[PDB]
Amino acid sequence: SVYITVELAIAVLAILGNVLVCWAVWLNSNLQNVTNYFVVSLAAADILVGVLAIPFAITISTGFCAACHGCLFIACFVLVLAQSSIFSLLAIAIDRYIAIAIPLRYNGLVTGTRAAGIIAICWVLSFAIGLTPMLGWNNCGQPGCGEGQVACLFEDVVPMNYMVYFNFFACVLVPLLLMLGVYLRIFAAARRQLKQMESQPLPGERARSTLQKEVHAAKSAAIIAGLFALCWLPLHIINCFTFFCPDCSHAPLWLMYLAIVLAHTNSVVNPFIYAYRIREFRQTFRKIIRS
Ligand SMILES: Nc1nc(NCCc2ccc(O)cc2)nc2nc(-c3ccco3)nn12
């Protein structure tokens, strides 16, 4: 019960923090742009974490008895929310890129409609991937609870060749490498703009000020995606240790818990990172609380 509380504590903060981020975008129309449409997808996702993921994660911890479908769901649901966030964070990455790179075509391309469409597909593909073990790629009955029900234990029910080759390497590592690659060009061309506006026979502080803020938002976005990888890589690397190195000390349960917990923490930093990196956001939250 010493660690049980921690998981619940995180669940609460995850719900409040993001429901606040969602309500703030519903009151302040100065946040209701195409960009923040994806932010909500990330928020709503990190909300279902403290609402479902954590409640599930803490359940399958001690293990239980239920069918394969029911078990795999309570075991692969967290893979969905995390996978959805992969799409969102990648979207935001491309978003800030289109804005800084092609400011004019930004409005003609990055529309509020296409935003909704993408988000929808992101979740659809999020379930297709996150629940792949349910498609048949699972270990239900691969050497108590009686016929029908299965001893719902993560390691015994969820494949490793999947969460490594498929999940991590492809559906997480590759995206992060793409996201990284994006922010590479973003901050690369951004400073080129400042260089071109340095040899100009005119002030034009409108371009500079606006750009520096488009960059400020891009940087703030980079800090968001950065925390994700920083709060998931540990758990994934562990899976690579247990998998690729069978003789290597199988990660301890206590260290395994800590690592798994860290992932549940990524659903809490976003609210605080907005109220910190975004002056527009913090002022909105302040209004809500006071009033
Ligand atoms: N190797 C491994 N073992 C387990 N075992 C379940 C142990 C456990 C489960 C829940 C909890 O709160 C504390 C401990 N869960 C695991 N979850 C993950 C994981 C999730 C996302 C990426 O890796 N890997 N993994």
# chains A, B, ... in the order shown; residues from 1 in each chain; ligands from 1
>>> residues_around(residues="residue 165 (chain A)", least_positions_apart="4", cutoff="12 Å", atoms="only C-alpha atoms", output="PyMOL selection string")
chain A and resi 159-161+169-174+236+239-240+243-244
>>> write_last_selection(atoms="N, CA and C atoms", output="mmCIF file, in the first residue's frame")
data_model
loop_
_atom_site.group_PDB
_atom_site.id
_atom_site.type_symbol
_atom_site.label_atom_id
_atom_site.label_comp_id
_atom_site.auth_asym_id
_atom_site.auth_seq_id
_atom_site.Cartn_x
_atom_site.Cartn_y
_atom_site.Cartn_z
ATOM 1 N N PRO A 159 2.925 -10.589 -25.454
ATOM 2 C CA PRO A 159 4.156 -10.978 -26.151
ATOM 3 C C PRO A 159 5.275 -9.955 -25.982
ATOM 4 N N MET A 160 6.517 -10.417 -26.076
ATOM 5 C CA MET A 160 7.676 -9.536 -25.995
ATOM 6 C C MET A 160 8.169 -9.161 -27.387
ATOM 7 N N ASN A 161 8.132 -10.124 -28.302
ATOM 8 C CA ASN A 161 8.519 -9.876 -29.686
ATOM 9 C C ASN A 161 7.636 -8.807 -30.320
ATOM 10 N N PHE A 169 10.093 -0.274 -31.112
ATOM 11 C CA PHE A 169 10.957 0.076 -32.239
ATOM 12 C C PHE A 169 10.256 0.837 -33.362
ATOM 13 N N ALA A 170 9.063 0.389 -33.736
ATOM 14 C CA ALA A 170 8.376 0.949 -34.897
ATOM 15 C C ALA A 170 7.352 2.024 -34.543
ATOM 16 N N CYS A 171 6.501 1.732 -33.567
ATOM 17 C CA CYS A 171 5.385 2.613 -33.239
ATOM 18 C C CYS A 171 5.723 3.651 -32.171
ATOM 19 N N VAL A 172 6.975 3.666 -31.725
ATOM 20 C CA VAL A 172 7.404 4.635 -30.720
ATOM 21 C C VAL A 172 8.780 5.217 -31.033
ATOM 22 N N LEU A 173 9.756 4.344 -31.253
ATOM 23 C CA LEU A 173 11.117 4.781 -31.539
ATOM 24 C C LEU A 173 11.193 5.537 -32.863
ATOM 25 N N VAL A 174 10.620 4.955 -33.911
ATOM 26 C CA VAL A 174 10.617 5.590 -35.226
ATOM 27 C C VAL A 174 9.957 6.970 -35.197
ATOM 28 N N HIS A 236 10.975 1.034 -21.869
ATOM 29 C CA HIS A 236 11.202 0.347 -23.136
ATOM 30 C C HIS A 236 12.587 -0.286 -23.191
ATOM 31 N N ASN A 239 12.580 -3.472 -21.429
ATOM 32 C CA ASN A 239 12.027 -4.523 -22.273
ATOM 33 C C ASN A 239 13.059 -5.050 -23.261
ATOM 34 N N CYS A 240 13.977 -4.182 -23.672
ATOM 35 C CA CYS A 240 15.042 -4.573 -24.586
ATOM 36 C C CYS A 240 16.121 -5.360 -23.852
ATOM 37 N N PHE A 243 14.482 -8.847 -23.158
ATOM 38 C CA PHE A 243 14.296 -9.537 -24.429
ATOM 39 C C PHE A 243 15.621 -9.946 -25.066
ATOM 40 N N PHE A 244 16.379 -8.959 -25.530
ATOM 41 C CA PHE A 244 17.610 -9.214 -26.271
ATOM 42 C C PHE A 244 18.697 -9.862 -25.421
#
>>> residues_around(residues="region 133-147 of chain A", least_positions_apart="6", cutoff="6 Å", atoms="only C-alpha atoms", output="ChimeraX atom specification")
/A:65,157-159
>>> residues_near_ligand(ligand="ligand 1", cutoff="8 Å", atoms="only C-alpha atoms and all ligand atoms", output="NGL selection string")
:A and (4 or 7 or 54 or 57-62 or 78-79 or 153-155 or 163 or 168 or 232 or 235-236 or 238-239 or 242 or 251 or 253-254 or 256-257 or 260-261 or 263)
>>> write_last_selection(atoms="N, CA and C atoms", output="short mmCIF file (atom, residue, chain, number, x, y, z; two decimals), in the first residue's frame")
data_model
loop_
_atom_site.label_atom_id
_atom_site.label_comp_id
_atom_site.auth_asym_id
_atom_site.auth_seq_id
_atom_site.Cartn_x
_atom_site.Cartn_y
_atom_site.Cartn_z
N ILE A 4 0.88 2.03 -3.70
CA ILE A 4 -0.50 2.13 -4.19
C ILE A 4 -0.97 3.58 -4.21
N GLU A 7 0.33 5.83 -7.10
CA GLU A 7 -0.39 5.65 -8.36
C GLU A 7 -1.72 6.39 -8.37
N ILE A 54 -4.30 3.91 -15.13
CA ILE A 54 -3.80 3.71 -13.77
C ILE A 54 -4.67 2.74 -12.97
N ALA A 57 -3.75 -0.51 -14.56
CA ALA A 57 -2.35 -0.84 -14.30
C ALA A 57 -2.16 -1.34 -12.87
N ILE A 58 -2.90 -0.76 -11.94
CA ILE A 58 -2.79 -1.14 -10.53
C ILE A 58 -3.55 -2.43 -10.25
N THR A 59 -4.44 -2.80 -11.17
CA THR A 59 -5.22 -4.03 -11.03
C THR A 59 -4.45 -5.24 -11.54
N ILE A 60 -3.95 -5.14 -12.77
CA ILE A 60 -3.19 -6.23 -13.38
C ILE A 60 -1.86 -6.42 -12.66
N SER A 61 -1.53 -5.49 -11.77
CA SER A 61 -0.32 -5.59 -10.97
C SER A 61 -0.35 -6.85 -10.11
N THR A 62 -1.43 -7.02 -9.37
CA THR A 62 -1.60 -8.20 -8.52
C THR A 62 -2.14 -9.37 -9.33
N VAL A 78 -3.41 0.82 -22.06
CA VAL A 78 -2.39 1.84 -21.83
C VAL A 78 -1.53 2.04 -23.07
N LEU A 79 -1.42 0.98 -23.88
CA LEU A 79 -0.66 1.06 -25.12
C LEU A 79 -1.36 1.96 -26.13
N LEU A 153 -1.74 -11.86 -16.27
CA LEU A 153 -0.45 -11.32 -15.87
C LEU A 153 0.24 -10.74 -17.10
N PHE A 154 0.61 -9.47 -17.01
CA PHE A 154 1.20 -8.76 -18.15
C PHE A 154 2.22 -9.61 -18.90
N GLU A 155 3.30 -9.98 -18.22
CA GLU A 155 4.41 -10.69 -18.85
C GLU A 155 3.98 -11.99 -19.52
N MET A 163 5.93 -6.09 -28.31
CA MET A 163 6.19 -4.81 -27.65
C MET A 163 7.58 -4.26 -27.95
N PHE A 168 7.47 -0.78 -29.55
CA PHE A 168 8.55 0.16 -29.28
C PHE A 168 9.30 0.62 -30.54
N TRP A 232 9.38 7.38 -20.95
CA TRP A 232 8.96 6.11 -21.52
C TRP A 232 10.15 5.24 -21.94
N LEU A 235 11.37 2.41 -19.50
CA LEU A 235 10.56 1.20 -19.48
C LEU A 235 10.78 0.36 -20.74
N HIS A 236 10.98 1.03 -21.87
CA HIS A 236 11.20 0.35 -23.14
C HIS A 236 12.59 -0.29 -23.19
N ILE A 238 14.25 -1.33 -20.72
CA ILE A 238 14.15 -2.50 -19.86
C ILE A 238 13.63 -3.69 -20.64
N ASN A 239 12.58 -3.47 -21.43
CA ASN A 239 12.03 -4.52 -22.27
C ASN A 239 13.06 -5.05 -23.26
N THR A 242 15.46 -7.37 -21.04
CA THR A 242 14.85 -8.66 -20.77
C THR A 242 14.76 -9.50 -22.04
N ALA A 251 15.01 -7.41 -15.02
CA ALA A 251 14.74 -6.23 -14.21
C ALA A 251 13.88 -6.56 -12.99
N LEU A 253 11.31 -6.29 -9.79
CA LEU A 253 9.93 -5.82 -9.77
C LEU A 253 9.83 -4.40 -9.21
N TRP A 254 10.66 -4.09 -8.22
CA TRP A 254 10.66 -2.76 -7.62
C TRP A 254 11.13 -1.71 -8.63
N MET A 256 11.11 -2.23 -11.78
CA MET A 256 10.13 -2.34 -12.85
C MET A 256 8.93 -1.45 -12.55
N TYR A 257 8.52 -1.43 -11.28
CA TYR A 257 7.42 -0.59 -10.84
C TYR A 257 7.76 0.88 -11.06
N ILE A 260 7.63 1.75 -14.66
CA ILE A 260 6.25 1.80 -15.14
C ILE A 260 5.54 3.04 -14.62
N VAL A 261 5.83 3.40 -13.37
CA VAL A 261 5.25 4.58 -12.75
C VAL A 261 5.63 5.85 -13.52
N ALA A 263 6.06 6.36 -16.51
CA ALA A 263 5.22 6.52 -17.69
C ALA A 263 3.88 7.15 -17.34
#
>>> closest_residue(among="A:288, A:9, A:152, A:53", to="residue 25 (chain A)", atoms="only C-alpha atoms")
A:288
>>> closest_residue(among="A:186, A:49, A:74, A:19", to="residue 222 (chain A)", atoms="only C-alpha atoms")
A:186
>>> select_by_dssp(residues="region 29-156 of chain A", states="alpha helix (DSSP H)", output="JSON, numbers by chain")
{"A": [34, 35, 36, 37, 38, 39, 40, 41, 42, 43, 44, 45, 46, 47, 48, 54, 55, 56, 57, 59, 60, 61, 62, 68, 69, 70, 71, 72, 73, 74, 75, 76, 77, 78, 79, 80, 81, 82, 83, 84, 85, 86, 87, 88, 89, 90, 91, 92, 93, 94, 95, 96, 97, 98, 99, 100, 101, 103, 104, 105, 106, 107, 108, 109, 112, 113, 114, 115, 116, 117, 118, 119, 120, 121, 122, 123, 124, 125, 126, 127, 128, 129, 130, 154, 155, 156]}
>>> write_last_selection(atoms="C-alpha atoms", output="compact mmCIF listing (two decimals), in the first residue's frame")
# COMPACT_ATOMS: atom_id res chain seq x y z
CA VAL A 34 -6.07 24.54 -34.98
CA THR A 35 -2.88 23.83 -33.04
CA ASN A 36 -4.60 23.31 -29.69
CA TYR A 37 -7.09 20.94 -31.32
CA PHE A 38 -4.36 18.30 -31.10
CA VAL A 39 -3.37 19.45 -27.61
CA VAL A 40 -6.85 18.40 -26.48
CA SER A 41 -6.29 14.98 -28.05
CA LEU A 42 -3.15 14.70 -25.93
CA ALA A 43 -4.97 16.00 -22.86
CA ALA A 44 -8.04 13.79 -23.21
CA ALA A 45 -5.61 10.91 -23.68
CA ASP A 46 -3.59 11.67 -20.55
CA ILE A 47 -6.95 12.03 -18.80
CA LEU A 48 -8.04 8.47 -19.58
CA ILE A 54 -3.80 3.71 -13.77
CA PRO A 55 -6.89 1.96 -12.35
CA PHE A 56 -6.13 -0.90 -14.76
CA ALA A 57 -2.35 -0.84 -14.30
CA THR A 59 -5.22 -4.03 -11.03
CA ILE A 60 -3.19 -6.23 -13.38
CA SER A 61 -0.32 -5.59 -10.97
CA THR A 62 -1.60 -8.20 -8.52
CA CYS A 68 -8.52 -13.30 -23.01
CA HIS A 69 -10.37 -10.34 -24.52
CA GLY A 70 -11.15 -8.78 -21.16
CA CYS A 71 -7.61 -9.38 -19.93
CA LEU A 72 -5.78 -8.12 -23.02
CA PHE A 73 -7.91 -4.97 -22.97
CA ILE A 74 -7.05 -4.15 -19.36
CA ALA A 75 -3.44 -4.87 -20.33
CA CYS A 76 -3.14 -3.17 -23.72
CA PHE A 77 -5.37 -0.15 -23.11
CA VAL A 78 -2.39 1.84 -21.83
CA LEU A 79 -0.66 1.06 -25.12
CA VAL A 80 -3.49 2.87 -26.90
CA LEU A 81 -3.41 6.13 -24.94
CA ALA A 82 0.38 6.19 -25.28
CA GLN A 83 0.16 5.45 -29.00
CA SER A 84 -2.43 8.17 -29.55
CA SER A 85 -0.08 10.62 -27.84
CA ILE A 86 2.54 9.52 -30.36
CA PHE A 87 0.32 10.75 -33.19
CA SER A 88 -0.58 14.00 -31.43
CA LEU A 89 2.99 14.92 -30.47
CA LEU A 90 4.06 14.12 -34.03
CA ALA A 91 1.24 16.28 -35.38
CA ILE A 92 2.16 19.26 -33.20
CA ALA A 93 5.75 18.80 -34.36
CA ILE A 94 4.74 19.05 -38.01
CA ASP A 95 2.28 21.83 -37.14
CA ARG A 96 4.83 24.23 -35.66
CA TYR A 97 7.02 23.31 -38.63
CA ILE A 98 4.44 24.33 -41.23
CA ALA A 99 3.85 27.61 -39.38
CA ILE A 100 7.51 28.61 -39.15
CA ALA A 101 8.46 27.18 -42.54
CA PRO A 103 3.46 30.84 -42.69
CA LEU A 104 1.26 31.67 -45.69
CA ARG A 105 0.29 28.11 -46.63
CA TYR A 106 -0.09 27.34 -42.92
CA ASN A 107 -3.68 28.61 -42.94
CA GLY A 108 -4.57 27.04 -46.28
CA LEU A 109 -3.22 23.67 -45.16
CA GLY A 112 -9.49 23.24 -38.14
CA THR A 113 -11.26 20.56 -40.17
CA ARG A 114 -8.19 18.58 -41.22
CA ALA A 115 -7.16 18.78 -37.57
CA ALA A 116 -10.32 16.96 -36.48
CA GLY A 117 -9.96 14.44 -39.30
CA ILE A 118 -6.37 13.59 -38.44
CA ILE A 119 -7.17 13.31 -34.73
CA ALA A 120 -9.94 10.83 -35.52
CA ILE A 121 -7.66 8.68 -37.67
CA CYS A 122 -4.97 8.93 -35.00
CA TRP A 123 -7.26 7.33 -32.42
CA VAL A 124 -8.57 4.74 -34.87
CA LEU A 125 -5.01 3.71 -35.72
CA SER A 126 -4.22 4.05 -32.02
CA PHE A 127 -6.59 1.20 -31.17
CA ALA A 128 -5.49 -0.84 -34.18
CA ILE A 129 -1.90 -0.75 -32.94
CA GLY A 130 -2.35 -0.48 -29.17
CA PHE A 154 1.20 -8.76 -18.15
CA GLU A 155 4.41 -10.69 -18.85
CA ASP A 156 2.62 -14.01 -19.40
>>> decode(residues="region 129-161 of chain A", atoms="C-alpha atoms", output="PDB file, in the first residue's frame")
ATOM      1  CA  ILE A 129      -1.898  -0.748 -32.937  1.00  0.00           C
ATOM      2  CA  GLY A 130      -2.346  -0.484 -29.174  1.00  0.00           C
ATOM      3  CA  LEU A 131      -4.674  -3.484 -29.200  1.00  0.00           C
ATOM      4  CA  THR A 132      -2.732  -5.578 -31.720  1.00  0.00           C
ATOM      5  CA  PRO A 133      -2.132  -8.299 -29.098  1.00  0.00           C
ATOM      6  CA  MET A 134      -5.925  -8.679 -29.079  1.00  0.00           C
ATOM      7  CA  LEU A 135      -5.939  -9.315 -32.829  1.00  0.00           C
ATOM      8  CA  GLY A 136      -4.362 -12.688 -32.084  1.00  0.00           C
ATOM      9  CA  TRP A 137      -0.743 -11.725 -31.468  1.00  0.00           C
ATOM     10  CA  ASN A 138      -0.927 -12.762 -27.807  1.00  0.00           C
ATOM     11  CA  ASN A 139       0.138 -15.418 -25.297  1.00  0.00           C
ATOM     12  CA  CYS A 140      -3.201 -16.588 -23.909  1.00  0.00           C
ATOM     13  CA  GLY A 141      -2.489 -20.143 -22.781  1.00  0.00           C
ATOM     14  CA  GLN A 142       1.195 -20.403 -23.646  1.00  0.00           C
ATOM     15  CA  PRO A 143       3.055 -22.254 -20.845  1.00  0.00           C
ATOM     16  CA  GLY A 144      -6.056 -21.802 -11.138  1.00  0.00           C
ATOM     17  CA  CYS A 145      -8.801 -19.795 -12.826  1.00  0.00           C
ATOM     18  CA  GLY A 146     -10.639 -22.624 -14.570  1.00  0.00           C
ATOM     19  CA  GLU A 147     -11.329 -23.049 -18.279  1.00  0.00           C
ATOM     20  CA  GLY A 148     -12.193 -19.852 -20.133  1.00  0.00           C
ATOM     21  CA  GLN A 149     -10.509 -17.431 -17.740  1.00  0.00           C
ATOM     22  CA  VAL A 150      -6.769 -16.740 -17.866  1.00  0.00           C
ATOM     23  CA  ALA A 151      -4.334 -15.727 -15.128  1.00  0.00           C
ATOM     24  CA  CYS A 152      -4.149 -12.104 -16.252  1.00  0.00           C
ATOM     25  CA  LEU A 153      -0.455 -11.320 -15.870  1.00  0.00           C
ATOM     26  CA  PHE A 154       1.197  -8.761 -18.145  1.00  0.00           C
ATOM     27  CA  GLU A 155       4.405 -10.692 -18.847  1.00  0.00           C
ATOM     28  CA  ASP A 156       2.622 -14.013 -19.401  1.00  0.00           C
ATOM     29  CA  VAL A 157      -0.222 -12.679 -21.548  1.00  0.00           C
ATOM     30  CA  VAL A 158       1.491  -9.952 -23.584  1.00  0.00           C
ATOM     31  CA  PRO A 159       4.156 -10.978 -26.151  1.00  0.00           C
ATOM     32  CA  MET A 160       7.676  -9.536 -25.995  1.00  0.00           C
ATOM     33  CA  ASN A 161       8.519  -9.876 -29.686  1.00  0.00           C
TER      34      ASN A 161
END
